[PDB]
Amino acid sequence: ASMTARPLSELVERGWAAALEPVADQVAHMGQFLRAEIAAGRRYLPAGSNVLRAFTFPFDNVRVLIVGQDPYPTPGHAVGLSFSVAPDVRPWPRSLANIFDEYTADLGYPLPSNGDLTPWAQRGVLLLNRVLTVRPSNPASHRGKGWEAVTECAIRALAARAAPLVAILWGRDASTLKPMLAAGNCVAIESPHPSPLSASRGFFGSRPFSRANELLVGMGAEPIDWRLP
């Protein structure tokens, strides 16, 4: 359903609907923002029904969150899960090829068959962006338009759960969530973003997957099975 018209209880998974209650009005306001963009003749990505897709996997099952900046800017790439693409997309976006190069260097696994990250989402990884929409061809075009309050609320709610959490924060916009992760059940890994523009400043060699698993094991949580087909 549409974010302007329908309540969180309809839009997102039950635990997420309770977690996001402080931003219920703000999510409806974003639906009105997106409506105004279409009225004005501007486009947005991902598709309306995918914008909140990260919050359709169970809140109670999240062990790791990965946070990027904003969705892929090329039509046909963004699917509402950060960095993921549909299984028939080729070539992979360059950021995703960089992620997979680090995945193979860190974990020793072969390169994945395709760019679909839904196994991670189905295994306790929240695939979040700091901002949940973008105008085509214009990275960061929806920065400061109201999504930040929504993703801040999501992180605060996860951090408050009586459960371990590991956050992987890629880039500067994602790292504005670090203050909200201060509680002792939460630990944050931060690096430069995997974009070609920033990856060589510290994404490559950062070993985020193995490190997140070492942190989860030190907190007595089950490691993520990162292996993609």
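Heads up, when I say rigid core I mean the largest set of C-alphas that superpose within 1.5 Å between the two forms. Residues carry their position along the shown sequence, with the first being 1.
For the pair 27-35 and 168-176, rigid core superposition yields a higher RMS C-alpha distance in 9 other deposited structures of this protein in 168-176. Between 147-155 and 86-94, the larger root mean square Cα shift in 9 other deposited structures of this protein, once each structure is superposed on the rigid core, falls on 86-94. The question of which stretch, 191-199 or 176-184, has the higher mean Cα B factor is settled in favour of 176-184. The stretch with the higher mean CA B factor, choosing between 160-168 and 66-74, is 160-168.
Between the residues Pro91, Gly146, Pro119, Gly80, it is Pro91 that shows the highest Cα B-factor in the PDB record.
Among all modelled residues in this chain, the alpha-carbon of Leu52 has a temperature factor (C-alpha) in the lowest third. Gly41: CA B factor in the highest third of modelled residues in this chain (values from the PDB entry). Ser141 sits in the middle third of its chain by CA B factor, as recorded in the PDB entry.
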